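Shown next as structure tokens: one chain only, the form deposited in one PDB entry.
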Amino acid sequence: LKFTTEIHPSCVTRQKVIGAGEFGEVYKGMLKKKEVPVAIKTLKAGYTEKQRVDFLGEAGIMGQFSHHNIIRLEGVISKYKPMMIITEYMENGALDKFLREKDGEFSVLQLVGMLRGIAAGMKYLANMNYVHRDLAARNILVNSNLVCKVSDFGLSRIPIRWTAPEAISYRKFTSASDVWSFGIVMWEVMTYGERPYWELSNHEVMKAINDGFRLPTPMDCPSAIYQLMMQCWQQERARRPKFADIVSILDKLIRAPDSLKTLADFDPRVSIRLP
């Protein structure tokens, strides 16, 4: 915690609720240059020792990171109550909701650029020896430059449809199970926030994966992008790409953007036959 800035409560004004529930809220606010917008997570009085450890532990983890694609910590209020964690404010909110509300509005190159940013954040985390365990579009935040930043840190936090088989089966969470999750995130981005495996139950998903089924190609998806998410979903952990590999491949696709024009075939679930 010694790494984090202690912010005085008088510098913080909460303006609008934007999330959370039982033991605190998340607000958009202003931090007092001139005042800058921030997000503010609170911890209400009555919190337990474990709640305090997990709450300040998230701040402690975030304060150790300094990367473009990782949510930045402004500081904490720990001396006064309620306690607060103050971060940069991401104007466009969670990536999954953002894509669903903006269906079809971005170029393929913009979507792939979002994935590159997420992958760069994840490469940083993995090399820093941090395993996320809950990588999903709902835990990616988007700013007004369309920059995607990984969020939701700690060990306070399984989400079956995003989780690698070894993590479901015997609780082995590694950066390689995060790669599996990243593949699902690729699919979420390229589908504009479709629900993975649609209406299959959790048990049906686990069974489908164990029998070798994988999510089908999104519409209008570059062949290179589908091949890459498929390799993220290798049953054998050692065969998946590392995040270094993913960043490299996405970089090269974006720098030669004509590579993205070759689309993988889409399997239509409906046929319209007209004379």
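We call the rigid core whatever largest set of C-alpha positions still superposes within 1.5 Å between the two forms. Numbers follow the displayed sequence, beginning with 1.
- In at least a third of the other compared PDB entries of this protein that cover both flanking sides, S156 is left without coordinates.
- Gaps at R52 occur in none of the other compared entries of the protein that contain both adjacent residues, all of which model it rather than a third dropping it.
- In this entry, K32 is separated from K33 by 4 to 9 residues of the deposited sequence that have no coordinates.
- In this entry, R157 is separated from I158 by 10 or more residues of the deposited sequence that have no coordinates.
- According to the PDB record, 77-85 carries the higher mean C-alpha B-factor of the two stretches 164-172 and 77-85.
- Judged by mean Cα B factor in the deposited record, 148-156 ranks above the other of 148-156 and 88-96.
- Per the PDB entry, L56 shows the highest C-alpha temperature factor of the residues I225, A39, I249, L56.
- Within the listed group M230, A244, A238, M219, the record reports its top CA B-factor for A238.
- The deposited CA B-factor of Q234 belongs to the lowest third of values across its chain.
- Per the deposited record, the Cα B-factor of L43 falls in the highest third when ranked against the other modelled residues of its chain.
- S66: CA B factor lies in the middle third for its chain, per the PDB record.
The following text describes the form deposited in another entry, which does not appear among the structures shown.
- Once the core is superposed between this form and the one not shown, every option in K81, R195, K102, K172 stays below 2 Å in C-alpha shift except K81.
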